[PDB]
Amino acid sequence: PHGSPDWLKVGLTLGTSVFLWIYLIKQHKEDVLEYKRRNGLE
Amino acid sequence: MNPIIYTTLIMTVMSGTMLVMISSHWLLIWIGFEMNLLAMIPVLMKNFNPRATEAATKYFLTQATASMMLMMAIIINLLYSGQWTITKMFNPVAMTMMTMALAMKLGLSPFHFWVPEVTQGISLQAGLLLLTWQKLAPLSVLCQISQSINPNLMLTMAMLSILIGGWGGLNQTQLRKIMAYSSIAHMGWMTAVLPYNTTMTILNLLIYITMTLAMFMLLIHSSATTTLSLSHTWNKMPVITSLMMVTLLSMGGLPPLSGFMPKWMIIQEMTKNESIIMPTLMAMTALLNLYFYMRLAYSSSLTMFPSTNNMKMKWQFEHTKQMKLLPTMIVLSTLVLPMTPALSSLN
Amino acid sequence: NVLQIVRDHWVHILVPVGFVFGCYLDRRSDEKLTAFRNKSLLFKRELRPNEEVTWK
Amino acid sequence: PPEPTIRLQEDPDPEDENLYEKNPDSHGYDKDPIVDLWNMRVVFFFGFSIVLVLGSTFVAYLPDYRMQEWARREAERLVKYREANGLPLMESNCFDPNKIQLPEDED
Amino acid sequence: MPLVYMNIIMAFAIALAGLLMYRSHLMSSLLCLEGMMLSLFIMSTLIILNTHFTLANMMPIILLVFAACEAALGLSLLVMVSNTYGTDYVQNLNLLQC
Amino acid sequence: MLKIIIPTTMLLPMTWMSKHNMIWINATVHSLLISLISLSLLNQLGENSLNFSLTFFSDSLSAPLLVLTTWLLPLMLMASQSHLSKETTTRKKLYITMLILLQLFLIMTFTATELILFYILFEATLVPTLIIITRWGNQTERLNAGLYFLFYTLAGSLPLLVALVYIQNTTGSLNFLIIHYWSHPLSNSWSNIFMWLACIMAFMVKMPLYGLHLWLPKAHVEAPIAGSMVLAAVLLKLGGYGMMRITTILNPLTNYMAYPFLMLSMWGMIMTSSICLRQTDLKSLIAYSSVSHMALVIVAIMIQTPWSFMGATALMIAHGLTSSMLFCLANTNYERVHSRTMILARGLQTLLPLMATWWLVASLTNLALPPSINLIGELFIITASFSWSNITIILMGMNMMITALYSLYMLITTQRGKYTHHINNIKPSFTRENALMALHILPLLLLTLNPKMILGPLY
Amino acid sequence: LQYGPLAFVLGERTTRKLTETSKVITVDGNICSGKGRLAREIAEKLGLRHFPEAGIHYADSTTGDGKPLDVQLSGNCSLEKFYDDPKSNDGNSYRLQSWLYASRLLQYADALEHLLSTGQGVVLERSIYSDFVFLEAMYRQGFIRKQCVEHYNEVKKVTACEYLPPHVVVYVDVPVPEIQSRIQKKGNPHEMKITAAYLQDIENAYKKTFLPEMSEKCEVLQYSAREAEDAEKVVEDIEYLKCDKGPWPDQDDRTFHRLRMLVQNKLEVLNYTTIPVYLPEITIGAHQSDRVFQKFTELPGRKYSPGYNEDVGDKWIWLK
Amino acid sequence: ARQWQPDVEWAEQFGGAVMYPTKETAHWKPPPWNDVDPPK
Amino acid sequence: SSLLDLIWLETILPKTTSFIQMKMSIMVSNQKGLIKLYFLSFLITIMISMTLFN
Ligand SMILES: CCCCCCCCCCCCCCCCC[C@@H](O)O[C@H](CO[C@H](O)CCCCCCCCCCCCCCC)COP(=O)(O)OCC[N+](C)(C)C
Ligand SMILES: CCCCCCCCCCCCCCCCC[C@@H](O)O[C@H](CO[C@H](O)CCCCCCCCCCCCCCC)COP(=O)(O)OCC[N+](C)(C)C
Ligand SMILES: CCCCCCCCCCCCCCCCC[C@@H](O)O[C@H](CO[C@H](O)CCCCCCCCCCCCCCC)COP(=O)(O)OCC[N+](C)(C)C
Ligand SMILES: CCCCCCCC/C=C\CCCCCCCC(=O)O[C@H](COC(=O)CCCCCCC/C=C/CCCCCCCC)COP(=O)(O)OCCN
Ligand SMILES: Nc1ncnc2c1ncn2[C@@H]1O[C@H](COP(=O)(O)OP(=O)(O)O)[C@@H](O)[C@H]1O
């Protein structure tokens with residue numbers, strides 16, 4: 001019809017994507033650190 | 001019906017399936033089956049017409065007979081060993097009773113006769129539910145007791161199901177009957193690997209559910225239940241017909257599509273057990289399913305059928321309601337072959 | 001004209017870029033197959049004074 | 001029989017269109033003369049000039065990774081050595097018999 | 001396994017065969033399922049009482065209840081079919097075919 | 001090998017992000033550049049192979065096929081430019097996408113260090129060809145043709161898969177290098193006989209074998225020009241390549257099991273060459289000629305001697321080029337006359353002299369005139385067969401005679417005589433068609449200067 | 001919140017919107033008559049919403065911009081040609097009849113949507129009911145074939161079996177001599193050629209079949225030309241009678257929810273208007289269909305969804 | 001000059017109740033367009 | 001051209017397969033929709049299954 005870009009939905013979509021990416025980067029960092037500590041590499 | 005009542009009935013069906021999946025007592029599994037059957041009938045009769053009532057009564061008769069047979073198997077197993085836990089049966093007769101009850105619930109040949117008629121009678125959404133969600137509980141029970149099954153009987157019913165589905169799909173113009181025969185053939189493929197590997201059974205089930213969901217949602221989007229009605233879709237939604245053709249190619253087991261993953265794996269598994277003849281016959285018979293999928297593709301997207309004049313008006317309108325998971329279902333049903341080793345997740 | 005024909009000829013650059021990326025990926029995959037470098041009986045060679053690896 | 005004999009509403013079969021009609025010097029690539037000319041030019045330059053000539057010259061001057069001259073030189077020095085020492089040129093055994101252990105039959 | 005158990009089992013088998021016959025009168029089909037469940041109740045009760053398994057004294061009643069609920073639904077279905085044809089004949093349900 | 005695969009993949013977004021009137025130019029230019037890049041695979045070794053990675057490896061049997069596959073795409077685009085003029089941009093982009101996907105699958109198939117990966121890609125090539133045939137074909141028989149081209153293939157290919165997995169369950173691997181190095185003899189057993197059949201029949205059906213060749217005339221006649229070109233040039237050679245790869249595990253059982261296929265091929269070459277003499281359709285005649293040439297290649301592979309393998313490789317390359325050229329000539333006639341009946345348009349030498357020269361050179365290469373690579377492969381196979389048995393010379397010479405007969409019959413019927421009077425729409429040949437013909441024929445006469453590039457790994 | 005099951009669940013109910021004034025009504029009259037004037041006058045007097053009689057390009061007025069499209073893209077039929085040469089070889093008569101029936105179905109769906117969503121009643125000219133009379137006329141004059149009437153009956157059954165008929169029907173009675181005199185007085189050259197047999201056959205259909213069948217399930221107000229001039233009496237007649245014999249009082253809140261879901265989503269309303277029955281007057285070949293569909297797509301605001309058309313002037317496309 | 005596309009006669013092959021009609025199944029009828037039968 | 005290629009090679013592999021699959025499909029899919037016959041077959045199969053295996 002005749003509707004504006006719903007900035008609530010846009011903001012929620014961007015926020016979900018950014019939160020997921022930040023969470024993934026963090027999770028990878030502690031995954032690497034935990035693996036290194038457990039296997040006695042560094 | 002009322003949306004509240006519809007949601008309650010859908011959650012009751014899911015709770016029955018869940019009750020079957022999480023319980024360790026045979027009585028609770030039987031209760032879950034009863035709950036699922038009780039809540040499933042109004043879903044099949046959501047749109048009132050004589051055909052839907054006939055489909056619902058046939059489905060009820062079949063499922064109630066299967067439930068009585070299953071309870072007979074449970075009681076005989078209790079008689080020969082006072083056990084209620086779902087595990088190896090310990091009785092030869094009880095296992096056969098259980099196998100026939102679960103084959104009747106699944107629709108495996110020679111208990112297949114109800115599936116095409118029930119699917120034709122009910123609507124497309126009811127058929128989607130019946131062909132996707134209603135296979136989880138019997139297959140889960142079969143997986144739990146796979147060490148008990150006689151391989152001869154299970155493999156006989158699997159090969160019979162594949163043959164019957166392949167032959168019965170060749171004679172159909174109705175899309176719902178085609179889906180029903182396809183489901184019978186896929187159930188036959190699923191149950192032939194239970195004696196050897198339940199992981200392959202689950203992988204085949206997941207791939208089949210994905211493809212069936214995609215195909216049913218495409219059929220609902222382009223609201224067609226016959227071949228000739230589907231032949232008109234290119235004149236309004238050619239992209240839908242293209243997606244449907246790719247999905248049909250995947251359902252026929254062609255590489256590099258997703259539908260090649262199960263059969264391949266299943267064949268591979270069956271070769272590790274020195275079973276060569278049976279997978280060969282299964283593939284040769286699946287060629288029939290591919291033939292009628294290809295006929296549908298010819299009639300839908302690879303050729304342009306004549307249209308009517310009123311179609312012009314349909315050019316001016318767009319769908320109000322959309323399926324959110326349809327693109328994901330299409331992609332997962334066509335392009336997941338490179339991710340095959342992920343089956344180690346014991347899906 | 002710059003900033004105008006780019007919007008009409010941007011597609012042309014893609015194939016050449018792919019060729020470079022494929023070469024880079026081929027070298028990167030080569031770097032994972034060095035388990036026998038300077039170890040084959042045919043080409044056991046003593047390294048030059050200012051050499052690290054016989055081949056890359 | 002009031003039937004029209006017209007089985008359906010159909011467009012008539014169009015007649016084929018000549019590219020030479022609206023454009024002599026048409027090169028048979030496109031009905032747009034500019035795109036036609038540039039398609040001809042790119043096909044001729046990248047097909048006849050680049051691939052056909054430069055690729056053929058590149059194939060002609062490929063280095064001897066098949067080792068034809070290497071094998072010829074090896075055979076030349078080997079024949080020179082055996083002829084000088086009176087050895088019987090090629091031997092009939094491909095491997096030395098002393099290092100093969102046959103199974104004793106005792107039949 | 002004594003003779004009473006085999007008698008109840010053959011009663012269940014007779015009821016199942018009678019259901020699978022379908023002469024006519026879908027009401028008779030419901031009656032055959034009903035005899036099947038009655039035989040199941042009798043034999044489960046005998047097994048549970050004989051072995052003195054105190055807790056499963058629950059499950060016969062439960063079985064009855066659930067089966068009885070099923071019966072209700074079947075009756076409804078039968079009734080509705082009759083509302084379309086005026087009779088509960090089996091042969092009227094041939095609109096859907098293989 | 002990724003330096004060739006990645007640009008072929010990038011051909012797709014470039015095609016779909018192109019202007020409506022630049023798709024042909026961009027596709028042709030970048031496909032030609034990909035061909036030029038792939039031309040550097042020809043630098044092969046006298047030793048094992050070009051083992052790029054665990055997944056892809058190159059060989060002097062694979063390299064000529066790869067180069068021909070990369071070279072065929074620009075010619076297919078040039079041939080398709082004409083008859084797709086009146087069609088929408090999205091559908092033309094889809095057609096080019098199908099061609100690009102076919103090239104990608106063929107490229108990955110020819111390297112394919114794994115036998116299961118080879119099977120997957122070798123069957124993945126089926127889908128684009130079927131869509132091209134059943135979507136952009138003209139007559140009503142195309143659908144039927146597609147069905148044949150489908151099921152025959154699968155009827156051969158489904159047992160092979162089973163055999164393949166069976167081998168890996170016993171050997172432990174399906175890597176071609178490990179298979180070659182760890183090969184063991186096959187005992188004369190019924191189980192081994194059926195394993196042999198499951199390994200062979202899939203590649204036999206796509207050559208095609210004489211008894212199993214029914215799908216080829218339909219598929220090649222009802223396909224569009226690009227489809228016919230790719231079917232005759234590259235897709236027929238998949239069976240030969242697969243047999244050359246797979247016969248390493250079938251010894252010594254090949255000695256006994258080769259007899260029925262050898263008889264079928266030796267008699268079917270005569271049968272199909274004779275069929276060519278009585279043909280009312282140009283495309284069907286060219287298809288039957290392809291069947292005869294592939295019968296000769298089957299004989300060569302079954303004999304499994306060094307000269308046999310060299311001749312088979314040379315003949316596969318030469319036949320691909322010659323058959324593509326012949327199909328292009330037939331299509332140039334068809335787009336003018338719209339009939340595809342050989343007897344209808346006559347005496348075209350007086351109206352199209354340069355096209356008559358192209359017809360003559362194509363017939364000469366099909367006739368296997370020395371020192372063309374067609375005759376190089378022919379003669380190597382014939383000499384190997386003569387060493388196999390001196391009586392093969394009768395059948396081989398008869399095939400040569402009939403081949404010359406039907407090639408010159410095809411040339412004389414269409415080019416010589418008197419022009420048909422009522423046909424007045426024979427327009428002068430376009431620069432596109434002449435360029436296509438030259439781009440077919442110069443590679444052949446230029447490959448006759450360096451034969452070792454197409455003589456395979458046993459050179 | 002676009003209306004759906006969730007709106008029904010939370011608050012949205014239409015039984016509270018019905019204020020005994022809705023009264024979906026329709027007006028039936030002979031070709032060239034006061035039914036249009038009477039329908040409008042009823043619409044202003046009763047506070048209802050008037051729906052002008054559906055034409056060839058009624059659907060064009062509700063989609064995109066309201067301006068009509070070309071004849072080749074909308075309808076592929078013309079009333080002027082039907083009047084000029086009703087026995088045409090290309091089957092314009094039945095194509096016109098089918099397109100008009102589909103337009104009336106769409107307009108009835110729109111009227112029902114408005115009434116159920118707002119509670120305000122509507123006034124209509126010839127609806128999906130009584131659209132058959134012209135068909136019968138065309139059959140009795142020989143303008144169309146029989147297979148046309150079976151196809152029309154099939155489509156009409158499958159479509160009209162799912163909507164509620166109007167509360168009261170208003171019929172304006174006009175004799176044929178005076179109808180022809182009024183036709184001649186308009187001055188339309190194409191309407192000049194309507195034969196009196198066609199008008200008489202059309203008149204016969206309304207009285208013989210249409211009046212008794214709507215009398216038994218609805219309420220009927222037979223008016224003449226003189227008594228249709230004063231709308232006060234007609235409005236008083238509408239107010240005095242109370243609809244208690246039709247299916248409307250038997251409707252309830254869930255059936256209203258189902259009907260409101262049906263009236264939206266116009267694709268499902270028009271679903272059975274294109275059933276695969278191959279009548280030469282209406283079936284279209286693949287080549288012509290493809291060409292016309294391509295032409296329709298190239299229209300300014302018709303390539304994409306309404307909010308995603310740059311050439312029209314939609315902005316923020318890459319964020320919608 | 002024009003690619004063949006299915007006509008009405010080609011389409012009517014797929015319009016029956018089942019494919020491959022037989023003497024016994026000749027009298028079968030396709031289901032209604034909407035899955036509703038007249039109550040008679 | 002005619003006896004072998006157009007007739008007998010067609011008769012052997014493709015036409016025979018098509019005919020056999022056609023007949024089998026006709027036999028399989030031709031049930032009148034009467035659940036009496038269905039459940040009679042169910043009894044038959046159930047009876048056969050119990051006896052053959054054990
Ligand atoms: C065709 C694509 C299908 C995709 C499937 C749907 C994707 C969406 C699913 C959403 C997330 C699912 C994760 C669930 C969270 C917790 C998982 C946990 O509860 O279950 C565990 C296990 O979770 C599942 O096993 C993992 C599911 C992952 C499925 C992916 C494999 C599919 C094959 C590869 C195809 C490519 C798909 C990837 C592209 C998306 C433990 O199971 P367990 O209680 O101990 O035993 C039950 C199973 N048994 C009986 C077989 C042993
Ligand atoms: C119009 C009338 C005629 C006018 C023109 C007159 C001139 C004619 C002269 C040309 C033809 C006469 C033949 C004489 C040949 C001279 C050149 C030849 O001797 O060089 C060849 C060299 O050429 C190459 O060998 C052949 C070219 C390879 C062709 C590659 C094809 C191009 C790619 C296109 C795509 C592929 C499509 C097909 C897929 C398989 C062979 O040389 P060779 O003794 O050996 O070694 C080369 C030099 N070394 C010693 C340093 C190594
Ligand atoms: C139709 C278009 C072409 C399609 C492809 C055709 C090619 C397929 C041909 C198959 C190759 C040969 C098959 C079997 C070869 C075995 C050798 C046999 O022929 O000789 C005798 C075999 O004897 C008899 O043949 C026994 C079998 C008799 C039954 C066979 C049926 C005869 C005609 C069937 C042909 C139909 C082919 C198509 C089937 C659909 C020797 O007897 P013996 O030395 O003691 O045992 C040798 C085998 N051992 C050592 C493993 C034990
Ligand atoms: C163009 C259409 C052609 C259709 C296919 C043609 C090829 C047919 C080849 C046979 C198909 C299946 C063969 C099995 C695949 C290989 C597996 C294998 O070799 O294992 C064998 C298994 O061998 C078999 O099981 C073979 C059974 C074959 C059954 C199907 C017969 C199909 C038709 C037979 C007659 C025709 C045969 C040649 C036809 C050529 C094509 C015309 C031995 O393993 P084990 O038994 O575990 O170890 C021995 C100790 N127990
Ligand atoms: N279902 C139909 N079939 C044929 N013609 C129709 C149909 N519906 C409307 N028309 C045409 O619409 C025209 C205008 O309708 P009408 O009410 O009679 O005139 P006016 O708009 O001036 O009041 C008429 O000429 C009539 O024939």
# chains A, B, ... in the order shown; residues from 1 in each chain; ligands from 1
$ residues_near_ligand --ligand "ligand 4" --cutoff "10 Å" --atoms "only C-alpha atoms and all ligand atoms" --output "PyMOL selection string"
(chain B and resi 271-281+284) or (chain F and resi 151-167+170+189-206+208-209+211-213) or (chain I and resi 13-14)
$ residues_around --residues "residue 315 (chain G)" --least-positions-apart "3" --cutoff "12 Å" --atoms "only C-alpha atoms" --output "PyMOL selection string"
(chain A and resi 2-5) or (chain G and resi 306-312+318-320)
$ atom_distance --atom1 "CA of residue 3 (chain F)" --atom2 "CA of residue 26 (chain C)"
7.2 Å
$ interface_residues --of "chain I" --to "chain B" --cutoff "9 Å" --atoms "only C-alpha atoms" --output "compact mmCIF listing (two decimals) with N, CA and C atoms, in the first residue's frame"
# COMPACT_ATOMS: atom_id res chain seq x y z
N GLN I 21 5.54 -50.71 -16.62
CA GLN I 21 5.25 -49.73 -15.58
C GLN I 21 3.82 -49.21 -15.70
N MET I 22 3.35 -49.03 -16.94
CA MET I 22 1.97 -48.59 -17.17
C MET I 22 0.98 -49.57 -16.57
N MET I 24 1.49 -51.98 -14.34
CA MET I 24 1.62 -52.08 -12.90
C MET I 24 0.98 -50.89 -12.19
N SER I 25 1.16 -49.68 -12.73
CA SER I 25 0.53 -48.50 -12.15
C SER I 25 -0.98 -48.61 -12.22
N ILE I 26 -1.52 -49.09 -13.34
CA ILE I 26 -2.96 -49.25 -13.46
C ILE I 26 -3.47 -50.25 -12.43
N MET I 27 -2.77 -51.37 -12.26
CA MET I 27 -3.20 -52.37 -11.28
C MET I 27 -3.13 -51.82 -9.86
N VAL I 28 -2.08 -51.06 -9.55
CA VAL I 28 -1.87 -50.59 -8.19
C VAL I 28 -2.89 -49.53 -7.82
N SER I 29 -3.09 -48.54 -8.69
CA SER I 29 -3.88 -47.38 -8.30
C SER I 29 -5.38 -47.56 -8.51
N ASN I 30 -5.81 -48.71 -9.04
CA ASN I 30 -7.23 -48.94 -9.29
C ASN I 30 -7.84 -49.68 -8.11
N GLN I 31 -8.16 -48.92 -7.07
CA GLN I 31 -9.03 -49.37 -5.99
C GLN I 31 -10.22 -48.43 -5.91
N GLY I 33 -12.04 -47.41 -3.60
CA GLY I 33 -12.23 -46.59 -2.42
C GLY I 33 -13.12 -47.21 -1.37
N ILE I 35 -13.48 -49.34 1.85
CA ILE I 35 -12.63 -49.76 2.96
C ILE I 35 -12.86 -51.21 3.34
N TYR I 38 -10.10 -52.93 1.58
CA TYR I 38 -8.86 -52.54 2.24
C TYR I 38 -8.64 -53.36 3.51
N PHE I 39 -9.65 -53.43 4.38
CA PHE I 39 -9.44 -54.13 5.64
C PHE I 39 -9.46 -55.64 5.46
N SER I 41 -7.87 -57.01 2.93
CA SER I 41 -6.45 -57.17 2.63
C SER I 41 -5.59 -57.01 3.88
N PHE I 42 -6.01 -56.13 4.79
CA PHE I 42 -5.29 -55.97 6.06
C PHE I 42 -5.32 -57.26 6.87
N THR I 45 -2.97 -59.77 5.03
CA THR I 45 -1.57 -59.47 5.27
C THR I 45 -1.16 -59.75 6.71
N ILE I 46 -2.02 -59.39 7.66
CA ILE I 46 -1.72 -59.63 9.06
C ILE I 46 -1.63 -61.12 9.36
N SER I 49 1.54 -62.51 7.72
CA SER I 49 2.73 -62.05 8.42
C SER I 49 3.04 -62.84 9.68
N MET I 50 2.02 -63.13 10.48
CA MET I 50 2.25 -63.88 11.71
C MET I 50 2.74 -65.30 11.43
N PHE I 53 6.72 -65.70 9.32
CA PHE I 53 7.88 -65.39 10.14
C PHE I 53 8.13 -66.39 11.27
N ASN I 54 7.06 -66.83 11.91
CA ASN I 54 7.15 -67.77 13.02
C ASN I 54 6.06 -68.83 12.93
$ interface_residues --of "chain B" --to "chain G" --cutoff "10 Å" --atoms "only C-alpha atoms" --output "count of residues only"
36
$ select_by_dssp --residues "chain D" --states "alpha helix (DSSP H)" --output "ChimeraX atom specification"
/D:19-22,33-44,56-60,68-85
$ residues_around --residues "residue 61 (chain E)" --least-positions-apart "4" --cutoff "12 Å" --atoms "only C-alpha atoms" --output "PyMOL selection string"
(chain B and resi 27) or (chain E and resi 37-38+40-42+44-45+56-57+65-68)
$ residues_near_ligand --ligand "ligand 2" --cutoff "8 Å" --atoms "only C-alpha atoms and all ligand atoms" --output "PyMOL selection string"
(chain D and resi 51-53+55-63) or (chain F and resi 35-36+39+64-65+67-69+71-72+317-318+321+440+443-444+446-450+454)
$ closest_residue --among "C:39, C:12, C:56, C:7" --to "chain F" --atoms "only C-alpha atoms"
C:12
$ interface_residues --of "chain D" --to "chain H" --cutoff "12 Å" --atoms "only C-alpha atoms" --output "MDAnalysis selection string"
chainID D and resid 6:17
$ write_last_selection --atoms "N, CA, C and O atoms" --output "compact mmCIF listing (two decimals), in the first residue's frame"
# COMPACT_ATOMS: atom_id res chain seq x y z
N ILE D 6 -12.15 -21.44 -34.34
CA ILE D 6 -11.05 -20.80 -33.64
C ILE D 6 -10.98 -21.44 -32.27
O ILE D 6 -11.82 -21.17 -31.40
N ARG D 7 -9.98 -22.30 -32.06
CA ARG D 7 -9.96 -23.11 -30.85
C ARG D 7 -9.60 -22.29 -29.62
O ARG D 7 -9.94 -22.68 -28.50
N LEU D 8 -8.94 -21.15 -29.82
CA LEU D 8 -8.51 -20.29 -28.72
C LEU D 8 -8.01 -18.97 -29.29
O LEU D 8 -7.86 -18.82 -30.51
N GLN D 9 -7.77 -18.01 -28.40
CA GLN D 9 -7.22 -16.72 -28.78
C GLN D 9 -5.70 -16.84 -28.87
O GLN D 9 -5.03 -17.04 -27.86
N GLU D 10 -5.17 -16.71 -30.08
CA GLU D 10 -3.75 -16.92 -30.32
C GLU D 10 -3.19 -15.81 -31.20
O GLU D 10 -3.83 -15.37 -32.15
N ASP D 11 -1.99 -15.36 -30.86
CA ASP D 11 -1.26 -14.44 -31.72
C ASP D 11 -0.85 -15.15 -33.01
O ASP D 11 -0.50 -16.33 -32.98
N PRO D 12 -0.88 -14.46 -34.14
CA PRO D 12 -0.38 -15.06 -35.38
C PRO D 12 1.12 -15.28 -35.31
O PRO D 12 1.84 -14.58 -34.60
N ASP D 13 1.58 -16.27 -36.07
CA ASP D 13 3.01 -16.58 -36.09
C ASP D 13 3.77 -15.45 -36.76
O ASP D 13 3.51 -15.15 -37.93
N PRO D 14 4.69 -14.79 -36.07
CA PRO D 14 5.39 -13.65 -36.68
C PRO D 14 6.36 -14.10 -37.76
O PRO D 14 6.90 -15.21 -37.73
N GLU D 15 6.58 -13.22 -38.72
CA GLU D 15 7.55 -13.47 -39.77
C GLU D 15 8.94 -13.06 -39.31
O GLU D 15 9.12 -12.09 -38.58
N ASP D 16 9.94 -13.84 -39.74
CA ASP D 16 11.31 -13.58 -39.33
C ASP D 16 11.79 -12.24 -39.86
O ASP D 16 11.42 -11.81 -40.96
N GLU D 17 12.60 -11.56 -39.06
CA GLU D 17 13.05 -10.21 -39.37
C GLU D 17 14.50 -10.22 -39.83
O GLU D 17 15.36 -10.86 -39.22
$ residues_near_ligand --ligand "ligand 1" --cutoff "10 Å" --atoms "only C-alpha atoms and all ligand atoms" --output "PyMOL selection string"
chain B and resi 21-22+140+143-144+198-211+258-259+261-262+328-347
$ residues_near_ligand --ligand "ligand 5" --cutoff "6 Å" --atoms "only C-alpha atoms and all ligand atoms" --output "compact mmCIF listing (two decimals) with N, CA and C atoms, in the first residue's frame"
# COMPACT_ATOMS: atom_id res chain seq x y z
N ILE G 31 -32.11 -2.19 -18.70
CA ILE G 31 -31.07 -1.37 -19.31
C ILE G 31 -31.68 0.00 -19.53
N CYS G 32 -30.92 1.01 -19.10
CA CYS G 32 -31.27 2.44 -19.07
C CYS G 32 -32.49 2.66 -18.17
N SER G 33 -32.22 3.05 -16.93
CA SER G 33 -33.28 3.23 -15.95
C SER G 33 -32.85 4.12 -14.79
N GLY G 36 -29.84 3.62 -11.03
CA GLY G 36 -28.67 4.34 -10.57
C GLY G 36 -29.03 5.54 -9.72
N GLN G 97 -19.20 -11.23 -20.87
CA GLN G 97 -20.05 -11.68 -19.77
C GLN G 97 -19.21 -12.23 -18.61
N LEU G 100 -17.35 -9.41 -16.83
CA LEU G 100 -18.28 -8.64 -16.02
C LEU G 100 -18.68 -9.40 -14.76
N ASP G 131 -26.74 -11.22 -12.29
CA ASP G 131 -25.82 -11.11 -13.41
C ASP G 131 -26.11 -12.15 -14.48
N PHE G 134 -28.51 -11.39 -18.21
CA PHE G 134 -27.91 -11.09 -19.50
C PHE G 134 -27.45 -12.37 -20.18
$ closest_residue --among "I:10, I:43, I:32, I:3" --to "ligand 3" --atoms "only C-alpha atoms and all ligand atoms"
I:10
$ closest_atom_pairs --of "chain I" --to "ligand 3" --cutoff "12 Å" --atoms "only C-alpha atoms and all ligand atoms" --output "Markdown table"
| residue | atom | partner | partner_atom_place_in_ligand_line | distance |
| --- | --- | --- | --- | --- |
| I:4 | CA | ligand 3 | 2 (C) | 11.2 |
| I:5 | CA | ligand 3 | 2 (C) | 11.1 |
| I:8 | CA | ligand 3 | 1 (C) | 10.1 |
| I:9 | CA | ligand 3 | 1 (C) | 7.5 |
| I:10 | CA | ligand 3 | 1 (C) | 10.2 |
| I:11 | CA | ligand 3 | 1 (C) | 10.7 |
| I:12 | CA | ligand 3 | 1 (C) | 7.6 |
| I:13 | CA | ligand 3 | 1 (C) | 7.2 |
| I:14 | CA | ligand 3 | 1 (C) | 10.7 |
| I:16 | CA | ligand 3 | 40 (C) | 11.5 |
| I:17 | CA | ligand 3 | 40 (C) | 11.4 |
$ write_last_selection --atoms "C-alpha atoms" --output "PDB file, in the first residue's frame"
ATOM      1  CA  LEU I   4      16.439 -52.611 -35.684  1.00  0.00           C
ATOM      2  CA  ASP I   5      16.893 -48.950 -34.787  1.00  0.00           C
ATOM      3  CA  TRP I   8      13.263 -53.561 -32.161  1.00  0.00           C
ATOM      4  CA  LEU I   9      15.752 -51.508 -30.161  1.00  0.00           C
ATOM      5  CA  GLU I  10      12.796 -49.353 -29.126  1.00  0.00           C
ATOM      6  CA  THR I  11      10.673 -52.433 -28.408  1.00  0.00           C
ATOM      7  CA  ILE I  12      13.268 -54.068 -26.158  1.00  0.00           C
ATOM      8  CA  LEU I  13      14.504 -51.507 -23.673  1.00  0.00           C
ATOM      9  CA  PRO I  14      12.255 -48.381 -23.496  1.00  0.00           C
ATOM     10  CA  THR I  16       8.828 -52.698 -22.717  1.00  0.00           C
ATOM     11  CA  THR I  17       9.704 -50.738 -19.576  1.00  0.00           C
TER      12      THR I  17
END
$ atom_distance --atom1 "CA of residue 81 (chain G)" --atom2 "CA of residue 195 (chain G)"
14.7 Å
